[PDB]
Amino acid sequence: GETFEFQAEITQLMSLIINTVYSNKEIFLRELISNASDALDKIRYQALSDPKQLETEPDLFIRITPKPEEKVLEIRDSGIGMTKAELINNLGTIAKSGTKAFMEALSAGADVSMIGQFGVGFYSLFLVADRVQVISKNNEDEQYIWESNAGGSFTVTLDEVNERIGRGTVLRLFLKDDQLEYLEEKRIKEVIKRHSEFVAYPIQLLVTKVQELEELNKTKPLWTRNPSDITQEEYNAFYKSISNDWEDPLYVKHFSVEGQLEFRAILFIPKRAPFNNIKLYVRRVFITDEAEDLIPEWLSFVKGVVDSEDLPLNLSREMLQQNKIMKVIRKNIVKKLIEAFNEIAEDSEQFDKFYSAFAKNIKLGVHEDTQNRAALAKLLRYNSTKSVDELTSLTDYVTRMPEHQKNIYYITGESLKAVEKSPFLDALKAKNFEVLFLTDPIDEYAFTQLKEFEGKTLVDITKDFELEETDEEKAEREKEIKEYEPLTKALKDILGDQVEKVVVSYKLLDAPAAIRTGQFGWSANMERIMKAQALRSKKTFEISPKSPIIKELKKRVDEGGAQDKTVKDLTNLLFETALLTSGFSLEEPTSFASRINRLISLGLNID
């Protein structure tokens, strides 16, 4: 069998790299600026060994000059340049990367990180131009001209009519009729700010005011510097460049992981919630920001960028392929941010602004994330009966727990004033038990997933629960409940199916009646939350045997008033009154108002 070799259809391969190789057409500017930075790195590496190479053009820059009169987009660089042979091999052969050939010929442990690795990045300019006139100039060769019309052939002619340049490469892009938008100041600065905003070399733009030169990349990258030498003002300016936010970042988490996944990442925590956000960079070039596995959903508020190096890029260099490595960077970002959140908790003023601004995000991780659920519970802060002034953590709660307490008691509601005056606190305050206050709707979603903190079970006092009691009170309560048995049976028949059961409870001191969930169903706040969401249980009647109102109702039952008209009216009135205190919503609030209006008439001597 004959052994042939693989060929290439130049007339058709060029069309694949000119027509459908780049979803967007603004990519041509990024891949040309990136090619200019690579040439600047080559001449800079040679300047360390031969200063005469950087003597012709010592100023390293990248100049862009738009010309709307003749529709020419000029991009001039002062790099190493290309000889006559390089224009034929490096700039005339598909998939031939002279930059990658230069990287493999370096020494061990190099400090230069070039971008050109594929070799088809130069053909991007044909998306917006019909013909390109490349003017190159090398130190060991003359100045030549590389002309092509995106077809199958190109012409290399010695430069004898254009302006003489010292060293570098000049690209004259004759833009098409429909692609004239790249001759304006807006579209030029838009692509650079989006793609090539973090180029190490200054990018100069010739803007017509009289014409001037403006540096587009004003904020130098900080991920290539040590986090100890960077001041606070540099982090503020860097945050205002990666994101359009006007305010300064609240906290900056700059770390560096080494080994087999060497990557830089500067994560910023803003002062206000932005309600993606983490950009990805490879070789000082913005790739994309649509990575959904890089940052969790509950942690999507953190700003910043991630500059990695070992990432498999496609032919367009604007998306990442599946490699099972993004999960490794995912857990490292969460590990550093949780460590960063603990450092914020060390200070009082910093954590006060962080918790008040991202209370929903921290509590959402307890509901969603499971591996670091215990670490996020350390950051939870809530008010309580002993912390009405400031906020306290769950660890400080257990520290103040007495020896005879075995559960973390809390209560949920709509606002702080509703749960602070709730009648469910009178039982725990008598036993010197601290009760946390839940005011946010997401609070219950977090407590229903944690279920335990340092061995202490989270128990909601709104639901049915049991406390400790002495032997003298245990026998006294059983006797009194048996005596109030006909009273509970009378209230059950009046309400009917409105309550599950009527029992005598001793966890009430001032309120004559209250309603509890049943420790298995949705609470009064949770039921109210679900019935009020735009994008989207049984009741227990407990009365207090020590209240004077309940004692008067008990006397009526023994006198044959189980079916009296006045008793049934006060029964429905006391039941619906307890629903307002327990956090339930009254059905048909007009009937409840009619009962109050008749009481006011009774007090005003109205017959």
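One rule holds for the numbers: they count along the sequence shown, beginning at 1.
Handout entry: Cross-entry absence of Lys220, a third or more of other PDB entries
Key = Other entries vs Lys220: none skip it.
Exercise for the section: Give yes or no for this: do at least a third of the other compared entries, each modelling residues before and after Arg477, lack coordinates for it? Expected result: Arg477: modelled in every other compared entry.
Exercise for the section: Please say, as none, 1 to 3, 4 to 9, or 10 or more, how many residues of the deposited sequence are without coordinates in the interval between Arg536 and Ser537. Expected result: The entry has a gap there, with 4 to 9 residues left out between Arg536 and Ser537.
Handout entry: Extent of unmodelled deposited sequence, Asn276 relative to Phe275
Key = 4 to 9 residues are missing.
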